[PDB]
Structures are given as C-alpha cells and as structure tokens.
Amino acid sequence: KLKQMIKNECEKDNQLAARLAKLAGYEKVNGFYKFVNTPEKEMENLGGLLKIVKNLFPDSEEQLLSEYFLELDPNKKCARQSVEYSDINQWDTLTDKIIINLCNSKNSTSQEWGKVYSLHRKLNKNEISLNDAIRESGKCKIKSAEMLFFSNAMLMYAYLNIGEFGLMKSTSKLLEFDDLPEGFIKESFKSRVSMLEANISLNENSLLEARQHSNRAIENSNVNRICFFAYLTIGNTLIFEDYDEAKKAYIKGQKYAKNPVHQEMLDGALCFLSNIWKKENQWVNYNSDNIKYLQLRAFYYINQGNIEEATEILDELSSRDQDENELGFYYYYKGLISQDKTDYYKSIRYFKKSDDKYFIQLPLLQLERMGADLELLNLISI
C-alpha cells in the first residue's frame, strides 16, 4: 500500500518526515502518517497526497498511482480528481480504466465525468466526430461546473488536432474560470488552457504571449507533461533569437520527459536548433523513420555537406504522407541543397497553407541572404 510506503520512507529521515508533513499541512508526523494511511475509499481529496507522492516517488508515480487510483470510491470526488490527473499526465490505460469505473458508478456526477472524459478520449483517438462529440455532450445533461468547463475545453485539443486555431481561440473565450471553485481541478484546467494558449500564441508569432502562458503553466503545475511542453514552447520561441537561451530552456525540459516519445521530441528540438545555428549537434536521430526526425537528419547532413545522403532521405520523404507544414520544412531543405529560389517559394506557400507565422522566416531569411527586397519579404511574412 502506498500509505505504508510513504511512512516507511519518512521514518528513515526525520527531516524528510518533517518537511513532507509540513508540505501536507501537519506539524506532527503522526497526523501526517494518519493522513497518508487513510483507506483509499475514505480519501476526500487527492491534492495533498498527490503532492506527497510527486515529491517522494517522482520516477514511479505512474505505477504507484495506477494502483492507488483504482482503489478509490468511483462514486466520490477523489475518483473524478483521479481521472483528471490521469488524463493530464497522458496515462491513457489508467485513464480509460478510471473512465469505465466512473461510468459504471451509481452517482450522477461521477457518471457525468465518466461520459465527458469518455468523449474526450474518443476525440483523442478520432473514434467520434467533433460535432458528434458536441451532440453527445448535449445528451449528457451536464450539471457540474467542472464538466461544463471541460466539455468545452476538451474541444480545443480536437481543434488543435485539425489546425483550426480560430475555433480554438473562440472556444477559450467561452471558458469562465470564475464559474469554477478553487482547488485541484481548477488549477489543473488552468495549466491545460495555459499550454493551449501558449501554442496558439507561438503559432501566431506572438513570442512574449507564448512565453507568458508557458511560464504561467510552469508556475501553476508540477505535472511532467505540462512542464515539458512548456519549456519546449519557450525554447521554440527562442529559436531565432539566441542559441544558448533556447538550448537552456530545452535542457530545462529534460527532467520532465518521462517516456521516449517526449525524449525524441526534445532531442529533435535541440537537433533543429543546433542545425539552425550550425552548432555541435549531439541529437541527430539515426534510429527513426519518423518524418520529422528524418527531416532533421537530412538537415544535419546538408550542414555537414553529405548531400547524397540528405537527398536520399528527402527522396524517401517525397513518397511519405508529409503534411503541409512538414512540406514547408521539406522544400526549405530542398532549397538549401538546390539553391533554387522556387524551392523557397514552395516552402513559403506550404508554411502559409499550414498557417505557420513562425517558421516561415526560414525560407524568407534565406531569401534575404540571397539579396531579396527586405520590405517585400516582411510583407510576405504576414
């Protein structure tokens, strides 16, 4: 039991027991041990316990909490908190198990949370239509403020998945945080919306706004996923300004990457950065046929003059299903090889079609080096 494991760690270190008891709000370690040893069905709120678990077992919280959450009473608030914490961490297996428990519950609020998060997950897997999710959300007769919030906030992820940034923005304008009571759920939702708006701002080349939202997410959250994508976003906002500061933010994201997917995203960010600034690149991915990491490897080859290998990778990519943004990068690299302006023109057209107001400067800058009118280039960028 997680309860006894917390006490056993604290009994071996008096200062650790005192600081963790103080973090949970206790002056005496005995009341703290009683709190953490509360039977799972009798737990009232997860917030403090989640703080203790994250402080004590940072590398094993998914497993311990995977066992702990499944013992909560599905009819009560702790289980709903558990589904939100599980989903924000992207613990999909646990999240779906908890969703089943919440749906099979006798309590209407738990059933409502289970149905809304079930719709959220079906949208994540593209197993339901967005309008079908709106209608099904209408059939749930959503009563609680939280779910009234989340049944709308969840739409932002799908709109992001289809690149409908406008409908993201409008959706976020309907989110009234004042309708939410203070506590764990409201802070979690705050971190979510902070990250979403951070990526919205970065996509519009509003760097200060993106940094604001990212920093606020870091300040309100200790969830590894949130902080990882926050430092990833900050570093992304620094790509064309300062190599050392961008790299420093990226590296700050390292301690928050807990799976190889986020690790390869971070390595890819540093690989793109060092390719951009022609710095020492330790992050070339040689064990991937992912479109983006193949693109980054071809970029590295181009910088090192290995044009045949880069052109081989790009030839393989031409038969892959690259989306329009990936095609903007793709024709940027083809232009780096060919030095033909039409490739930079096509790169620009694909960055425009993907509504990317940030990385479109890649070909533009290259057009600027080749002696293009800087005013015309500035008109193209917007």
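The first residue of the shown sequence is 1; numbering continues from there.
Judged by mean Cα B factor in the deposited record, 30 to 38 ranks above the other of 324 to 332 and 30 to 38. Of the two segments, 268 to 276 and 238 to 246, the one listed with the higher mean B-factor is 238 to 246 (C-alpha atoms only). Between the residues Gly183, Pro260, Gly138, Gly253, it is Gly138 that shows the highest Cα B-factor in the PDB record. Taking the PDB entry at face value, the top CA B factor among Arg80, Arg216, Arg297, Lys106 belongs to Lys106. Per the deposited record, the Cα B-factor of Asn126 falls in the highest third when ranked against the other modelled residues of its chain. When the modelled residues of the chain are ordered by their C-alpha B factor, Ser188 lands in the lowest third. Sorting the modelled residues of the chain by their CA temperature factor places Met5 in the middle third. In this PDB entry, the Cα temperature factor of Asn203 sits in the top third of its chain's modelled residues, the highest group. In the deposited entry, the Cα temperature factor of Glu312 sits in the top third of values across the chain's modelled residues.
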